[PDB]
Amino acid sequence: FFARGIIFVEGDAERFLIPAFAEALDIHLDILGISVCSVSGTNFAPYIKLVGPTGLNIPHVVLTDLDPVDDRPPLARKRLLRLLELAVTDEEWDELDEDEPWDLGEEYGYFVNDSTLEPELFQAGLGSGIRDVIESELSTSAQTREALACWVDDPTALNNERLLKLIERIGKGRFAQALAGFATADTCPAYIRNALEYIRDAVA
């Protein structure tokens, strides 16, 4: 490392896609010395310590999935309180029932989506490209292709878990490398765009 800035992401899907969207947005990560570091999981806290104010004091952002669970809080709320514990001033406000630490997280460069990466891509308008990739990569049934056509016509009808099943057949990392070809500024999910603008400005 010893980048001028770091984008911490969960996996290799993000590692392919984030630099592709940055290119689409004309945000120059290589000129600015910004690196994308996958933690191969959801445990950013060891990296935050090493890199945060106590450590090397390197500008950084975190991109992570909300991971909503049925009849339970989103997995990301607790994972975000842990990162905030290592980075926030010792005032300890309510954070809106401490289940709304999101806004304070964004001030510190921690960005959470509304579900998980691949449904967010579909909802951000990449549905046609995701369908192209899945039908080029997999051997598919007519039932699958028609489910994908329907989701493209109405992304609100999208079944997230059947989508990820399809993608896990491809491999999330291989899927994302193929989807990177389709990145445009208008199909970048908001949380990725926010994080790229944040880290560009932190470094500059």
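Start at 1 with the first residue shown and count on from there.
Set 49 to 57 against 145 to 153 and average the Cα temperature factors; 49 to 57 ends up higher. Between 115 to 123 and 95 to 103, the higher mean Cα B-factor belongs to 95 to 103. Highest C-alpha temperature factor among 70, 135, 26, 65 per the entry: 70.
Annotation for residue 158: C-alpha temperature factor in the highest third relative to the rest of the modelled chain, per the entry.
Ranked within its chain, residue 109 lands in the middle third, by CA B factor from the PDB record. Placement of the Cα temperature factor of residue 140 within the chain: middle third of the modelled residues, per the deposited record. The PDB entry assigns residue 38 a C-alpha temperature factor belonging to the middle third of its chain's modelled residues.
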